[PDB]
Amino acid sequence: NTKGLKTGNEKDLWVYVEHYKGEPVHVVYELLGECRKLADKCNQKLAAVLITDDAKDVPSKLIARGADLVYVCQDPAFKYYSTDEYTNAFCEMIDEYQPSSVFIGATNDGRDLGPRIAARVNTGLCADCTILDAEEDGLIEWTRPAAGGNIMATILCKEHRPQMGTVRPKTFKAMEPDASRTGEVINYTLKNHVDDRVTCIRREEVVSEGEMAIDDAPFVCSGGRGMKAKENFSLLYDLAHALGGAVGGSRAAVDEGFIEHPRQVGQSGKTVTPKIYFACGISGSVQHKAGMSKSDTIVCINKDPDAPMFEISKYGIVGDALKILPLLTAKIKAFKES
């Protein structure tokens, strides 16, 4: 029928501020860089939407990274992401201010959030997009991979507002912070509080005291079923330490007990774009490759010269990772010294 239909008076492009330890995650800044170009193309403003327990100096950083406007909705209930709290706050602000488009980083939580909002407002949502463009009138052209990346689709939300999408992280470049930019902070008071129906009973940091997470590591040293045993992962830790990188693995590695889920790379785990990905005893299933095929360089170490992973590896060695790794790590260490 008519819910979510455009009024014609909608304006501005909004970027959702996903935050951790109070600070925006980097995909926020990625989207502010891209959406700055889109907002300039259609002569509309770029807004950052900050739902938090404590804004700190974050609106200032958002302005320096391209935002003209920063909407802030602050409450203690917003300390941690929750579907019920954030969907409510985000939808009250859409209703109040009437944006043209909304852009959400396709993180685990963004992928939870986006479709809740879209269904609540009754509007269109394009998922985990990789290419974006805009017409002078503000109509956003959403392009995205589908079918495991085998098909690209270009999609429009012509009549419903706001036009929504989630956007793949690590795709778009942020702008360098500009101290000379100016913007406007708008403090939004919640009209209706909600009770969160979803209680968190365990919330544990996956990365330890000062250690490296695969998520942001410049090098990833990853092991599969071909590592043979959990203890042999110490080889990958040694290589990571020599490089200043982090250790990852395949879903098969998780299943065999070699590593815990937070180090899993692939479509059901993390997608990483390190400078080097060392794929050690990993066949290169399509589900794994989904998570690491945009690594700058892939180095494959595998006993099977027909391992699919070789298909996409600029460099590699056919052989036993258990003999090759410690020679490789030593040789790299020697080069890096003195």
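Position 1 is the first residue in the sequence shown; the rest follow in order.
Taking the PDB entry as given, 88-96 carries the higher mean Cα B factor of the two stretches 122-130 and 88-96. According to the PDB record, 65-73 carries the higher mean C-alpha B-factor of the two stretches 292-300 and 65-73. Note on 113, 106, 246, 201: the highest value goes to 201, judged by CA B factor as recorded.
You'll see in the entry that, of 250, 187, 101, 154, the Cα B factor peaks at 187. Ranked by Cα temperature factor within the chain, residue 49 sits in the middle third according to the deposited record. Annotation for residue 80: CA B-factor lies in the highest third of the chain's modelled residues. Residue-level temperature factors show residue 276 in the lowest third of its chain, judged at the C-alpha atom.
In the deposited entry, the Cα temperature factor of residue 142 places it in the lowest third of its chain's modelled residues. Among the modelled residues of its chain, residue 206 has a C-alpha B-factor that falls in the highest third according to the deposited record.
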